[PDB]
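Only one chain is given next, in structure tokens, and it is the form solved without nicotinamide-adenine-dinucleotide.
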């Protein structure tokens, strides 16, 4: 375990364009606060449309034919991405501390989970750079026909506050491996790790203008990126409602391509033949990981009647033993919620569950009347039409529902507008495969939870998103297909 850097001085708080640090055009700044100490960390430069316009023009010049970045051979782009992963591993403790200060997640979780995900994602996509291949297509005796997988051009990345550096790297790694240029917008709540990564990008040797970063707000920077007529592609992670606004702005303007990684109403199904202890620990971590602030969070834990009561009992014991406190402390498993708006919203849904009919098995209130901490809550006797079972909580609350048959639980799990992830716990080959096939979800985990790999694609069915991130499938979002058809005389 590394030593927690309790007091770190922030060095990077400016707009990053053409490998230079700039003040905002207006002079405006915004504060970034620590959700644990409830104190301001620093002020970051606040961008607007004029700053986005300078960042898009920087990215266009870097992408123009004959530019140093365009004439670089495929293996050199991979080398640059490996050089960046080395720099991320060198400054791993500085980066994880910035993530903890901005988000409130435990320092050890950001070090061993978020930063490991970033390094792995960068190394996997560095290896694809010289392996992006098109096809040679058989047609007629006198025709030569082939496809090229060309870069799209300028890519915009809009990232969320829960996993700020990870969600940025998920977009940056395949975009740069494909030979594109970028304009990044970190979340208004969490800009520090993105700005740190900027210095490492300059240090790794990327030509100026290949990566540009403009901190600021959704209605200003976000809207300017979504509607820009010179951005060819946008990747967005966040809520379904904001995702819809991004896609509409993209259509209305220049029909730029749009990847969306949105929310879900994720089911977690526990069969009567499951290894109950495994199912209890996995459903527990699936709900409470990152203070329940995960897109993959189990929002509906369906448990077969034969094991329901024991499942509830063993889950309650886990929830009471979960250490909540200072994220810079080695024993901490749960930090504070991101902000007052999220904290009050979780408590509003917890109160709703009480007056709807659920059985509060433990938790149900704040830890102390001073911080943003919520005690791990477990609700039993939860039904399909209750608010705690219908709405995305984004907090530490485990709603446990009951089911009798597989055909029934399939219908109940698929009755949502969402389809991000699903998890199934059973020892029976036929049940597991029937459920893997019939669940309308982008990822189905069997006898595990949150099992993510740089090489396995991730994304949603229905209103949980469009397109995929990770794996070879992420390259299709960052390339344009060109068919060359030559007729011989």
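Only residues modelled in both forms are compared. Between two forms, the rigid core is the largest collection of C-alphas that superpose within 1.5 Å. Positions refer to the first chain, counted from 1.
The protein also exists as the form solved in complex with nicotinamide-adenine-dinucleotide; that form is not presented, and the subsequent description refers to it.
K.L.:
Can you work out whether residue 356 and nicotinamide-adenine-dinucleotide are in contact in the deposited bound form, taking contact to mean some heavy atom pair no more than 4.5 Å apart?
P.N.:
Judged by the heavy-atom cut-off of 4.5 Å, residue 356 is well away from nicotinamide-adenine-dinucleotide in the deposited bound form.
K.L.:
Is there a heavy atom of residue 410 no more than 4.5 Å from a heavy atom of nicotinamide-adenine-dinucleotide in the deposited bound form?
P.N.:
Answer no; every heavy atom of residue 410 is more than 4.5 Å from nicotinamide-adenine-dinucleotide in the deposited bound form.
K.L.:
Using 4.5 Å between non-hydrogen atoms, is residue 238 touching nicotinamide-adenine-dinucleotide in the deposited bound form?
P.N.:
Yes.
K.L.:
Hey, in the deposited bound form, is residue 341 touching nicotinamide-adenine-dinucleotide, heavy atoms inside 4.5 Å?
P.N.:
Yes, residue 341 is a contact residue.
K.L.:
In the deposited bound form, does each residue in the set 14, 97 and 198 place a non-hydrogen atom within 4.5 angstroms of nicotinamide-adenine-dinucleotide?
P.N.:
Verified in the deposited bound form; spot residues all out of contact, no.
K.L.:
Ok, 219, 205, 323, 229: which has a heavy atom sitting within 4.5 Å of nicotinamide-adenine-dinucleotide in the deposited bound form?
P.N.:
The residue from 219, 205, 323, 229 that makes the contact is 219.
K.L.:
So which of 212, 337, 159, 193 reaches within 4.5 angstroms of nicotinamide-adenine-dinucleotide in the deposited bound form, heavy atom to heavy atom?
P.N.:
So the residue touching nicotinamide-adenine-dinucleotide in the deposited bound form, by this definition, is 159.
K.L.:
I need the one stretch from 378-386, 397-405, 221-229, 312-320 whose residues put non-hydrogen atoms within 4.5 angstroms of nicotinamide-adenine-dinucleotide in the deposited bound form.
P.N.:
That would be 221-229.
K.L.:
Counting only non-hydrogen atoms and a 4.5 Å cut-off, give the residues of 345-360 close to nicotinamide-adenine-dinucleotide in the deposited bound form.
P.N.:
Contacting residue: only 345.
K.L.:
Which one moved? Candidates are 370, 320, 131, 331, criterion is a Cα shift of 2 Å or more between the shown form and the other one after superposing on the core.
P.N.:
One residue passes the 2 Å cut-off, namely 370.
K.L.:
Hey, quick one: aligning on the core, which runs of at least three residues have all their CA atoms off by 2 angstroms or more between the shown form and the other one?
P.N.:
Shifted segment: 369-371, the only one.
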